[PDB]
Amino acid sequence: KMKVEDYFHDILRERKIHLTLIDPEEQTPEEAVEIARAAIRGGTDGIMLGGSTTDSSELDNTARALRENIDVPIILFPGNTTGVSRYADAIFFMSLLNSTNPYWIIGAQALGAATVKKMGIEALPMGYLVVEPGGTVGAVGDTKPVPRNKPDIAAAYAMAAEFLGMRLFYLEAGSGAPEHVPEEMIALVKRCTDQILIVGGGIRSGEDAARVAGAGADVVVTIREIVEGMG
């Protein structure tokens, strides 16, 4: 159960890192754990559970089925406060900044700060930024998705987030998007900032993930085709 940040600050000296996103609602716990091991077949180095906002008995029951089989870390990815569980190794403690509603920026984050202090999860500080088009996290959290031809707005939100201590950033275009976050935006946020750069959504081609990672994305989030593309 060694620390996930030092784990990333140990991969990045040499290669780029990929993590597999799975939703506790889109299959049984077990069928997810065979999706889990089919991802280190390709060679992914972590699993991202959380998907959306869902009942938190399955979420634990799929983090339990994930805990035992696996030892690449499994990181929570809270669609809401129902996205916390004993079994995961690390939570992404994130604020979606380009939201229009304080609850998504700080509210949900304050209501759920006894649970992450009662339990023993690694809270990683993260700015979360929805790029156009946005996907379901687009309208779910009332976000204004940063346009594709406006990279320097994303950078402004990076620096803002870096100054407030969020050592990690996320450029989500949305799970299941036509194309990834545009490539200049990636390089540019990376230019102005020294956080771990996490790009996700709309990411399918082996070259989709070559270009996202090539554009400076420190982490690709979505196999063998793609982990070979990010190398």
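All residue numbers refer to positions in the sequence shown, first residue = 1.
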Size class of the missing deposited segment between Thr20 and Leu21: none
Taking only the CA atoms, which stretch has the higher mean B-factor in the record, 103 to 111 or 85 to 93? 85 to 93
For the C-alpha atoms alone, is the average B factor greater in 159 to 167 or in 60 to 68, going by the entry? 60 to 68
Among the choices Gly141, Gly127, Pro78, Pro133, identify the one whose CA B-factor in the record is greatest. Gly141
Among the candidates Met48, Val199, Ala39, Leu188, give the one with the maximum CA B-factor reported in the record. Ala39
Is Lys150 in the lowest, middle or highest third of its chain when residues are ranked by C-alpha B-factor? lowest
Third of chain Cα B-factors occupied by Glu26: highest
Where does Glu179 sit by CA temperature factor within its chain: lowest, middle or highest third? highest
Temperature factor at the Cα of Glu172, chain-ranked in thirds, falls in the lowest
Ranked C-alpha temperature factor of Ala217 among modelled chain residues, by third: middle
